[PDB]
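Novice: One structure coming up, written as structure tokens, with questions to follow.
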Amino acid sequence: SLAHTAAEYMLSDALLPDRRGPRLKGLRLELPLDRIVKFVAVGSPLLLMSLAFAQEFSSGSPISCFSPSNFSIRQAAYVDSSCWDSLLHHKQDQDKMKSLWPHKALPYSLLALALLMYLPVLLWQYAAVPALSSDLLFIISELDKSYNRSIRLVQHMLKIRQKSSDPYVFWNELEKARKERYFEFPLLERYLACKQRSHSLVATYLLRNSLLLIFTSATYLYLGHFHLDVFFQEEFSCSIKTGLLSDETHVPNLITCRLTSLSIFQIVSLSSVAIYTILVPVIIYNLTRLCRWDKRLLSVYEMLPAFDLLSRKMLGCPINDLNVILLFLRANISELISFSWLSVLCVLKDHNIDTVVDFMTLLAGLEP
Amino acid sequence: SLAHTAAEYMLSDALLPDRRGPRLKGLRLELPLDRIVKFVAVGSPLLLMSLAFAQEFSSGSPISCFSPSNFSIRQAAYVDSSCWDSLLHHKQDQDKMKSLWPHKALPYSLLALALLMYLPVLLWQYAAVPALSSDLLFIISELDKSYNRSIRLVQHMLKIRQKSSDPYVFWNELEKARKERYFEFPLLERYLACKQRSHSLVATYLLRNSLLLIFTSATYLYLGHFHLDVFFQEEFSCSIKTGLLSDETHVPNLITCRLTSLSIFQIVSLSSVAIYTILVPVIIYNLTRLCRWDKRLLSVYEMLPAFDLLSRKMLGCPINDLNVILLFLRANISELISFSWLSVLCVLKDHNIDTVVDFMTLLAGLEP
Amino acid sequence: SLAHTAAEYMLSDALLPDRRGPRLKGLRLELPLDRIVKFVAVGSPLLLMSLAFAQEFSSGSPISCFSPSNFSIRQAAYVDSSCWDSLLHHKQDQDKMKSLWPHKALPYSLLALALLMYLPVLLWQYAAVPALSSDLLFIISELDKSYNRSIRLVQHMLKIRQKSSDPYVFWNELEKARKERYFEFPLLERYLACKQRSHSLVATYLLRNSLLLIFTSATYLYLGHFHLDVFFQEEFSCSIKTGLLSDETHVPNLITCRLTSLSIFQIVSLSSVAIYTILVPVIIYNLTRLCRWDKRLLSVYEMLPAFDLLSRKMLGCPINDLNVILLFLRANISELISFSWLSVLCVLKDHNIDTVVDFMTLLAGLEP
Amino acid sequence: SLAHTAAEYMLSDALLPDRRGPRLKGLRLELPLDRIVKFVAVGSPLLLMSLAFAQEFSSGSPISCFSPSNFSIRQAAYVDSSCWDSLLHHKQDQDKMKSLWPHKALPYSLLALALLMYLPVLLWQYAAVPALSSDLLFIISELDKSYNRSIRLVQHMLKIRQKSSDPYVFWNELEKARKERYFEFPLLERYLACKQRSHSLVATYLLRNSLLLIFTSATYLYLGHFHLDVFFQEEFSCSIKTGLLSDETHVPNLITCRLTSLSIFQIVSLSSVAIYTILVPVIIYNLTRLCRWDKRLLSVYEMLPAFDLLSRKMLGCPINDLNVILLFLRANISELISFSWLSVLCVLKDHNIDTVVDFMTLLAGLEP
Amino acid sequence: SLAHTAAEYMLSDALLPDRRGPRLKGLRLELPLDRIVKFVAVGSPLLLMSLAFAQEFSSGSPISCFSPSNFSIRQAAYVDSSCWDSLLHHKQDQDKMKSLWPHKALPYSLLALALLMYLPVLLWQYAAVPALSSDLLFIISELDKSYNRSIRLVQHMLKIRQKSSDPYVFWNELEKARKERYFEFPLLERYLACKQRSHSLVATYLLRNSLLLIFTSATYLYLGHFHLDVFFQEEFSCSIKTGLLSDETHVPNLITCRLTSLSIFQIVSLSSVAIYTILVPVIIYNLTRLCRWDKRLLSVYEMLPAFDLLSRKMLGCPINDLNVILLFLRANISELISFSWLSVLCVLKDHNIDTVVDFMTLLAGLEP
């Protein structure tokens, strides 16, 4: 089946024969909400198209005709197959030959919608995946040096505090460490500054979401203009004597052609509206995600040395490449190593009490 | 077949191409009862839908008509295919055209139910699996330090007891070990305290079960309102002359249309009730599981150093994140290492006799 | 299905059983735009051919006939199967027997176009892939020596600058390093010079794109000459008595033969025009890519020792082997090692400020 | 389908279950032109045979009959199936019963041609592959000793030249190295001499190409003798009363039998001529390849020590085993090791200037 | 299809699930000519059987009948299906009811021939493969000690010859080495002597070839006795009133039954003769192979120490186990190690000149 081929051609990853290396393994380049939206926006028209051609209706004929008994079997087949290509209600009300082309174009329209909704996925894959992957992995490699440089070369501070009055050393020793060369990273404050003034992935993300929104609007227009007119129309009167059959002796207006699969058309015309009105607010929520700064976990991020640079750059216009980098980092920061200490520092959510809270928590997180 | 595709699309794991690493191997993120409920609540409508389209009924036609002998083959096919889309019992009792739409909507309803029952699974997978996995693996890693720290640095207590009167040292030496820095973990008493005051996975678990309960109630309403009325109705009188065929000379009320697949409809309408009334009390049992504290094995848990913190936090409202963490831990605590010593300490189920019971059991569990 | 076989025979890689070694893994020998063009220009006629034979039209007959009622079933089948091979509108307007052969030749034409559009792919695979691969991997191996030779044997310059006035050493020490034997590569300035005067892959690239352009023009001519004439013609009058049936008593001009699949023909005739008018400007953009020198990143390339030779050779006719080598290098330079330092040196995009900018950035990029 | 089985039975490698070792991996025993010729000469008749039985014509009947209306359905089936086995145009012009057997024999002829064109492939596989593989791998193993013996034991010549006047040592030191025992190989000058006087693979190559040429000529004769006569003949008059039906009362000459699939026959008869007239000059080009000595790269080959023996043996009759060995070596010399230095020595294409050109190029090609 | 199952059940290896070890990998237990004969003698009847049931004839009926118009459809089906089981030409010439049973027995006969031709393969696999494999691998293991014992412990002879007059030492030193204990193998001269007097694999080989020859003769007898009589007979007159239908009123002699698939029968009857007259002389050539001693390469074999024993045993009756061992060794001697030195010693094909020829060739073949 065509849907079987499209199941693996689209709606999945089509890069390399897989099992290559770290290009795809261990890194998530698509947000779970984006993946769900892509799946339920691409496979849904494909699912409806498959349901149109499924075992629910065992083939049969999409059109039925009431031809006179004088007609043979082949003549009846001719007058019923010549109307599936000439869907025109020759109404007696001049001669408004209203067309019923959506009935024949439904599979074409569904396939066109399925192909169209895959364009934003291709745009994201071939316009933002490489640069975003490079930035994410470089930043992850740089931030992986924030454990053997934030405690293991900082545990000498424990030696300094424990000799003197520890509460006093908690507030008047830290300026020496904050001014140390190795304590502050030398490359992140420039890379992040450069990324702050560049608008490249923000444009791609906004285009990816706006294309889906515009395609949903186009689907609404298609189903409100062409459909919803021939929606309760099941019978139409045709005319076979509209050509070389004019000089003959048989039914001029072969009345009462019937659309056998009208119910499937009606069900699809509503399931293509409900499914996408489900997705209408999800896209705008995805757009809102980038437009709002997030500071719910800034308290613990600012404490750590390397993440202090990320926390400081929290001002200005929210539309920056750094925002997309942060959005794809927080979904990827917990790959295999930050899963044991960053996820632990969640107790601090309420700098006086915070001054002494690390009296026993920070050193207790040692790997051995 | 569509059921063949849905067999692997749903009703299984759809994350990664597998064989990746420790993300899924060795960790059980779904309780066996939850897995059974999900399987028998998702595949059951799919199984019934497949049985509707299976070899049991070799296609055929879902409707049969008794048309006059004057009608040709094509005319009879027209009058029998124009009634499967116009199921309306034009009864002579005014003109109550009772519809028989459930007969045509049964596959649609079954597919809709199958898709709806997969929503709680998606909610659990994309709203609680990451945080629960992180908490579970962190707690497991911390508790894995409860064997080389509860006997191997405690076997010096054997040296102390064996020199003096061992029964006396069984009760007056332990305060030194209980006050030792390394004996008591420094991070668990804070992580568990933080998790006690957080209600995040409790809400997700309750929502996951309540969605299934509400969907079962909706299925009951659907089968009690739309079904159970056209349940013993097998014959209905139609009307083809309800349109452009009005000005014709043939049967006005084409009486005695017959629903060929009424028996399948009746069997499905009962197997969709029995199967879900089997599942009605299982869901409430799953809800009860979280609402009741468990203390059947507290006697052996309190003896161990690390598990003493877990045993102490056994008071207050049962609805806490720690309850879900414990429920998913006791089903996962016995992965590969706790399978040889924790499962052995089951003899203690009856502190005077318990004082001397470990005279030979604790030290005999040494790995060499 | 034939399309199923052509899916794996073409439209993919057909060299070796794969999993061999570094022949294909880690090296990209086809640009993403070229890959997209090849896919959407080869599979599109195949997709339309599959749609012609898909479940959308459940086989049936491509021609229908209105034969007299005296004819038997076999006689009607004869007069309807003898016209699908004799498509000739015997119009009464002398005796212009206009042929409708495109209706029968549509699958043949689609298969011919699909096979023809694969010729440039074969030409690129068997005329430029080996030499381009050899040059690319040799240049990559030579350029991989530009990290342990541009800083690690250059960090002594740090020792020289830090002793004296560093700003002065920033401008009067570099002539010694620029005149050093090891600092300047001894093979690239000759290999690139040889490649500059050779036009071998430029001709292959231009031929590969021009063949696709010429085939698109041929498709336009085919659809504008043979099609677009029998486009709204659905009925034609045939003649069975044009031979040994002349001396018989039956319909001389068996009027009103009908093309059942005219709608599919019309849709294909438009989808084969829209899809390729989408591709018309992409090919000329690909041609433009080679014809224009690129200097958007020359500022950082000139700073590096090895890439200085590449940056210097930026004059003359753009049509040279070095241009194609650069085009396939910039898409392949970031394989696994240049992904951590070359992608970082993007801050320099605005030699006075550039003199002191590397005071801290260059040495901070050390691997440990 | 039969074509599906023949796709993997032929048109590919049928030796071992693969993944065995170096028997096939890393060695190319078939030239790309030979592979293309074999593919497009073996699969083309198979492709046409598949197209004859494809979805393009949905089975049906290959013959149609115009029997009188008195005949029943079974009688008409008898008189139409008794003519597909008795294709004889009983023309009224004595009684020249011209046969139309190519219409029935087309699939048989296509399968016979597909099997026949596989004979040269089997001949090459079972008559020249082992000896050629042995010679190629032995020569490759011997020539792999031309890098650690042409510079690394020759770099002492650098020590000799740099002490004295280097241009003088460029021309008066080399006689010592040319007379050294290890510098000149002791086995190649005898193995190549033995292969020069042996004509074993030349005969096999010539037979392999001439068999394909003769089979193409036979196909031309078949399509020009048996076809091209019944090419525009679509109707023939049969006779069922040519036996036990003679004493009956029905149509003596059942006129106007019709060949339903005449168009497919006509298209195949032309596509089997065009495809092979495409291949006619390719075979003679392959024959020309062996008949002409190649000296386009002799300048760099003569410089190398080991390849000097190959370059010297460039005289006499071109038809020798050494010619085939060289043809299969130049397509295989660049396997994994000669890909970094032999492909670089392309600058020398114009012995005075050549005397000093290696002043810096030869030593710069060192592996470290 | 049955042929699909027989493709993998037979015509290939059916021992173990493969990928086991050195039982099958690296060892060739079937000669290429024997493999070709087995393939083209077993699959050919299977190929013809598949062609009988292929898409070439779309099922249909193998028999057609000309029943009177009074007969219904079911009556005609009865009288045409009651003759495919009662093929008897009730000729009017007493009452010689000639049977046409080969038409019905053709698939049975083809399957029987395909099964019968597999008997020699089973006999070879289960009667000679184990002993031959053991003998071959033992002899190969013993002969693998003929390189580190024929030069590396013989290169001291170089030290002896180079000190004195080398031509003199070429002829008067060798008697010492020929009389040395280690130089002459102590097991081969007894194992080969034992195998010379044993006739076990010779009988199996002769039986394997003679069974195929006898089966070919039986096929010739079958096609010359039962076929070739009903070969141009296409029409026969049947009789349905030969039983309980005798007391009825309908056609007594239902004349003119027709064999619809006579052409397929005729083509198979000729392709089963040609394809086996091709194989008739190949089998006798295989028999001749064993019956003639081979001494074309004895000159180089006698020079080597270990192969001297093989070369000496070249007298007597050619029918011995040693002959089969040699035949399967020369096709297997060049597995992975003898591929670099035995295949090189081909220059000696013309003991005076041979005395001094090894002055340089023998020592030059050293592995380093």
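Those sequence lines, one after another, are chains C, B, D, E and G. Using PDB author numbering, the letters of the first sequence correspond one by one to residues 2 to 94, 98 to 354, 360 to 377. Using PDB author numbering, the letters of the second sequence correspond one by one to residues 2 to 94, 98 to 354, 360 to 377. Using PDB author numbering, the letters of the third sequence correspond one by one to residues 2 to 94, 98 to 354, 360 to 377. Using PDB author numbering, the letters of the fourth sequence correspond one by one to residues 2 to 94, 98 to 354, 360 to 377. Using PDB author numbering, the letters of the fifth sequence correspond one by one to residues 2 to 94, 98 to 354, 360 to 377. Idealized CB from N, CA, C, for every residue including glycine.
With DSSP as the reference, label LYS100 (chain G) as helix, strand or coil.
Specialist: Here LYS100 (chain G) sits in coil by DSSP.
Novice: Run down chain C in chain order and give the residues with a C-beta less than 8 Å from the C-beta of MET369 (chain D).
Specialist: Near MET369 (chain D) (Cβ distances below 8 Å), the residues of chain C are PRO190.
Novice: Could you give the first and the last residue of the continuous beta strand (DSSP E) run that contains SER65 (chain E)?
Specialist: Residues 64-66.
Novice: Going straight from the alpha carbon of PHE174 (chain D) to that of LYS163 (chain D), what length do you get?
Specialist: For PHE174 (chain D) and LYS163 (chain D), the distance between alpha carbons rounds to 12 Å.
Novice: Assess contact between the segment 71-83 of chain D and the segment 100-110 of chain C, defined as three or more Cβ pairs (one per stretch) separated by less than 8 Å. Is contact present?
Specialist: At 8 Å Cβ cutoff, the stretches do not touch.
Novice: Which residues of the segment 251-273 of chain C have a Cβ closer than 7 Å to any Cβ of chain B? Give them in chain order.
Specialist: For the segment 251-273 of chain C, which is checked against every Cβ of chain B, the residues closer than 7 Å are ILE259, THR260, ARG262, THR264, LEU266, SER267 and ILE271.
Novice: Could you tell me whether the Cβ atoms of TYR186 (chain D) and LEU157 (chain D) are closer together than 8 Å?
Specialist: Taking 8 Å as the Cβ cut-off, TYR186 (chain D) and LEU157 (chain D) qualify as a contacting pair.
Novice: Count the other CB atoms within 10 Å of the CB of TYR289 (chain G); is the residue buried (16 or more) or exposed (fewer)?
Specialist: Exposed.
Novice: Does the pairing of the segment 86-94 of chain B with the segment 62-73 of chain C give three or more beta-carbon distances under 8 Å?
Specialist: The answer is no - the segment 62-73 of chain C does not touch the segment 86-94 of chain B, with fewer than three Cβ pairs under 8 Å.
Novice: Considering only their Cβ atoms, is the gap separating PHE230 (chain B) from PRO106 (chain B) smaller than 8 Å?
Specialist: Contact flag set, yes.
Novice: Any heavy atom of the ligand COA closer than 7 Å to the CB of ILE37 (chain D)?
Specialist: For the structure depicted, the ligand COA is absent and the ligand set is empty, with no information on it obtainable.
Novice: Once you ignore the five residues that flank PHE311 (chain B) on each side, which residues in its own chain have a CB closer than 6 Å to its CB?
Specialist: Cβ within range, chain order: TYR305.
Novice: Near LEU32 (chain G), which residues of its chain fall below 7 Å by C-beta distance, leaving aside the five closest residues on each side in sequence?
Specialist: Excluding positions up to five away in sequence, the list reads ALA335.
Novice: Output, in chain order, the set of chain G residues within a Cβ distance shorter than 7 Å of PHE142 (chain E).
Specialist: What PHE142 (chain E) touches in chain G: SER344, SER347 and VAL348.
Novice: What residues in its chain sit with their C-beta under 7 Å from that of residue 386 (chain E), if we drop five residues either side in the sequence?
Specialist: Since the displayed chain E opens at 2 and closes at 377, residue 386 (chain E) lies outside it and no answer follows.
Novice: With respect to the alpha helix (DSSP H) encompassing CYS295 (chain C), which residues constitute its N-terminal and C-terminal limits?
Specialist: 266-295 is the extent of the alpha helix (DSSP H) around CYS295 (chain C).
Novice: Would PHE54 (chain E) pass as an interface residue toward chain G - the criterion being a Cβ-Cβ separation below 8 Å?
Specialist: It does; some Cβ of chain G falls within 8 Å.
Novice: Would DSSP call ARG262 (chain B) helix, strand or coil?
Specialist: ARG262 (chain B): strand per DSSP, three-state reduction.
Novice: Over what stretch of residues does the alpha helix (DSSP H) that includes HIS229 (chain B) continue unbroken?
Specialist: From DSSP, the alpha helix (DSSP H) with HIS229 (chain B) extends over 205-229.
Novice: From E:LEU48, E:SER154, E:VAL206 and E:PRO23, pick the residue whose C-alpha is nearest to that of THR6 (chain E); which is it?
Specialist: Closest by alpha carbon: E:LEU48.
Novice: Can you check DSSP and say which residues form a bridge with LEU89 (chain E)?
Specialist: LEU89 (chain E) is bridged to E:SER103.
Novice: Consult DSSP for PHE236 (chain G) and reduce its assignment to one of helix, strand or coil.
Specialist: The answer is coil: DSSP assigns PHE236 (chain G) none of H, G, I, E or B.
Novice: Output, in sequence order along the chain, the residues in the segment 65-83 of chain D whose CB is closer than 9 Å to any CB in chain E.
Specialist: Flagged, chain order: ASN71, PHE72, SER73, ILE74, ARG75, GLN76, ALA78, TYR79, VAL80, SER82 and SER83.
Novice: Applying a beta-carbon distance threshold of less than 8 Å, which residues of chain B neighbour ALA373 (chain C)?
Specialist: Here the neighbours are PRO190 and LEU191.
Novice: Write down the C-beta distance between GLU238 (chain D) and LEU266 (chain D) rounded to the nearest angstrom, noting that I regard them as a contact closer than 8 Å.
Specialist: About 5 Å separates the two Cβ atoms, so the contact holds.
Novice: Which runs of the alpha helix (DSSP H) spanning at least 4 residues fall entirely within the segment 109-153 of chain E, listed in chain order?
Specialist: DSSP runs (the alpha helix (DSSP H)) wholly in the segment 109-153 of chain E: 123-131 and 133-147.
Novice: Report the three-state DSSP secondary structure of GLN166 (chain C) (helix, strand or coil).
Specialist: In this structure, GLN166 (chain C) counts as helix in the three-state DSSP scheme.
Novice: Excluding the five sequence neighbours on either side, which residues of its own chain have a C-beta within less than 6 Å of the C-beta of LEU16 (chain D), listed in chain order?
Specialist: Cβ within range, chain order: n/a, list empty.
Novice: Using a Cβ-Cβ distance under 8 Å, would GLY27 (chain D) count as near chain E?
Specialist: Output row for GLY27 (chain D): interface = no.
Novice: Which stretch, first to last residue, makes up the alpha helix (DSSP H) that contains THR6 (chain B)?
Specialist: That run of the alpha helix (DSSP H) goes 3-10.
Novice: Which of helix, strand or coil does DSSP assign to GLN56 (chain C)?
Specialist: It is coil, neither helix nor strand.
Novice: Could you tell me whether the segment 275-295 of chain D touches the segment 240-250 of chain D, using the rule of 3 or more Cβ pairs below 8 Å?
Specialist: No, they do not touch.
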